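As structure tokens, the structure follows; a few thoughts come after it.
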Amino acid sequence: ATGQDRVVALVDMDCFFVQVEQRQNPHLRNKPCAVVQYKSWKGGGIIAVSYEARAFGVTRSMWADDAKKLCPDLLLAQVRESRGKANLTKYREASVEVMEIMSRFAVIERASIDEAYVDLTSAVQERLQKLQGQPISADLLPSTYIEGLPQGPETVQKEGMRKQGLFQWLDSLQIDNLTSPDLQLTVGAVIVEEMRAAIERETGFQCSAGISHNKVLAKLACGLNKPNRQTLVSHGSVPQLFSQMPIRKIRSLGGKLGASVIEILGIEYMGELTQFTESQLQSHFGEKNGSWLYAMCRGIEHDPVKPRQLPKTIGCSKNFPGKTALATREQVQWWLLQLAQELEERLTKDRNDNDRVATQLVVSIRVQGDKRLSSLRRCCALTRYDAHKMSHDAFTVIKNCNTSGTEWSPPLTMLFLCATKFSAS
DNA sequence: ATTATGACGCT
DNA sequence: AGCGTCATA
């Protein structure tokens with residue numbers, strides 16, 4: 001297998017939280033704007049940045065006071081705050097709208113609130129059967145980029161480059177110089193064009209997509225041309241694409257594994273991995289990672305698009321950084337309640353909409369001076385969707401953690417509640 | 001003082 | 001059951 005068996009798309013809503021605020025407030029449209037939460041500490045922390053604002057150098061995880069220095073005209077939208085914490089309901093609801101529309105076209109895996117994987121293999125077959133011996137016009141692919149094209153001999157403008165590359169691709173399909181998987185990708189891209197058109201018409205939200213044979217290539221493809229554009233990445237484009245592609249760019253290699261691959265093997269780019277035998281890769285990085293790397297540097301990935309549109313867990317948390325770390329038993333109880341109260345509302349909605357019930361409650365807390373996200377995880381049975389019950393049980397489970405008092409030590413930097421193990425209802 | 005959520009793999 | 005990795009709004 002050349003890993004050309006499937007057609008897979010990754011769709012990413014461009015600066016999704018910004019878009020949601022821009023649809024609601026027309027004033028923010030087509031302007032440098034960012035979404036922040038909690039204005040009191042340094043203007044608030046930016047979590048979403050429009051493309052107009054990015055040009056000024058405004059980035060995520062930046063303090064709003066700092067972003068205003070780069071972009072004096074930056075407009076800000078504030079995350080809804082409920083019970084003393086961030087409330088993301090508006091963005092979760094908008095996300096559902098998008099997911100439902102995507103559902104009509106093909107089978108979808110929800111990757112995050114803003115992005116989803118699409119398995120288009122069956123859909124492209126139908127289209128290939130439905131439309132037989134029919135040439136694919138350039139007009140059907142108005143925002144599609146073919147990676148690696150144009151090649152050889154109005155290039156100076158970006159849109160000129162796009163069309164010329166598209167024409168070369170199409171002419172080669174037309175002529176029969178392009179393989180059946182290349183045709184499958186193209187039809188896949190046609191469908192993604194329509195899916196994206198349906199999303200914008202019906203929600204007003206724009207998005208970018210990558211089309212390829214697996215999830216990793218599709219995701220890489222998606223980021224090549226943004227915003228509001230889609231990029232086809234063929235099996236043939238992979239060698240040139242990987243040759244100058246930093247290892248950290250590939251999904252799952254952005255962390256410690258990727259760094260160890262670079263450090264151990266002494267390589268910079270993804271394509272350099274082809275030198276090494278599978279056994280060599282497995283020896284260094286383990287059987288599972290080795291096998292995965294051997295195939296992936298050749299553009300082959302087998303992870304399936306899971307038929308899942310609903311989150312597997314439902315959770316809420318609040319950090320209590322630095323001085324605000326919780327020191328009294330009463331403080332700890334109160335926030336657990338606030339956390340439990342938001343959770344109950346979300347769980348009941350979930351039950352009515354999605355015909356399922358969570359059976360387990362997980363408590364995660366973090367203590368002062370700990371590098372790790374979570375210092376401790378602990379679980380209890382979840383039998384009633386009741387805030388007072390859930391909050392009280394959560395406390396019962398973690399009360400032993402306290403070193404000595406009714407003071408609590410070490411002070412809590414984080415409280416986390418997660419509903420898990422859903423069952424059909 | 002990146003904040004709040006996620007999905008997984010390992011053991 | 002509990003911990004660590006990776007990811008993005």
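Worth knowing before you read on, the calculation uses all heavy atoms, side chains too, and leaves out hydrogens, waters and symmetry mates. To find a chain, count down the sequence lines: A is the first, B the second, and so on, and within it residues start at 1.
- Within the 4.0 angstrom heavy-atom criterion, no nucleotide atom of any strand lies near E21(A).
- Taken residue by residue, residues 252-271 of chain A places heavy atoms nearer than 4.0 Å to DNA chain C at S252(A), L253(A), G254(A), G255(A), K256(A), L257(A).
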Test side chain to side chain donor-acceptor pair (under 3.5 Å) on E330(A) and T406(A); report intermediate values, then the result.
CA-CA 8 Å; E330(A) 275 296 82; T406(A) 65; over 6 Å; no
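- You'll find the ring centres of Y269(A) and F242(A) outside the 6.0 Å limit.
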Provide a list of protein-nucleic acid N or O atom pairs under 3.5 angstrom, restricted to nucleotides 9-11 of chain B.
unit_1	atom_1	unit_2	atom_2	d
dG9(B)	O3'	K288(A)	NZ	3.3

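- A close approach under 4.0 Å does not occur between any side-chain nitrogen or oxygen of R60(A) and OP1 or OP2 of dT8(C).
- Classified by interplanar angle (parallel below 30°, tilted 30° to 60°, perpendicular above 60°), the ring pair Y91(A)/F17(A) is parallel.
- Residue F17(A) is in sugar-phosphate contact alone, with no base atom involved, counting any heavy-atom pair closer than 4.0 Å across all strands shown.
- Salt-bridge annotation for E52(A) and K31(A): absent, with no side-chain N of the basic residue lying under 4.0 Å from a carboxylate O of the acidic one.
- Screening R229(A), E159(A), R196(A), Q230(A) for a side chain to side chain donor-acceptor pair (under 3.5 Å) involving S143(A) leaves a single residue, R196(A).
- Contact annotation for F416(A): no contact, since no heavy-atom pair falls under 4.0 Å across all strands.
- Among the protein residues, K371(A) comes within range of no part of the nucleic acid, since none of its heavy atoms lies under 4.0 Å from any strand.
- Looking at the side chain of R308(A), the nearest of the listed nucleotides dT5(B), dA7(B), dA9(C) is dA7(B).
- Contacts of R248(A) with the nucleic acid, taken as non-hydrogen atoms under 4.0 Å apart, are absent.
- For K421(A), the side-chain atoms get nearest to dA1(C) when compared with the rest of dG4(C), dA1(C), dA1(B).
- Counting only heavy atoms from C-beta on, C379(A) has its side chain closest to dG2(C) among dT3(B), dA9(C), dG2(C).
- Counting non-hydrogen atoms under 4.0 angstrom, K318(A) reaches the backbone sugars and phosphates but no base.
- As judged by a 4.0 angstrom heavy-atom cut-off over every strand, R110(A) is placed among residues making no nucleic acid contact.
- The residue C418(A) sits apart from the nucleic acid: no heavy atom pair falls under 4.0 Å.
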Exercise answer: donor-acceptor pairs, residues 315-325 of chain A side-chain atoms, under 3.5 Å, sequence neighbours excluded:
unit_1	atom_1	unit_2	atom_2	d
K318(A)	NZ	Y38(A)	OH	3.3
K318(A)	NZ	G84(A)	O	3.4
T324(A)	OG1	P321(A)	O	2.6

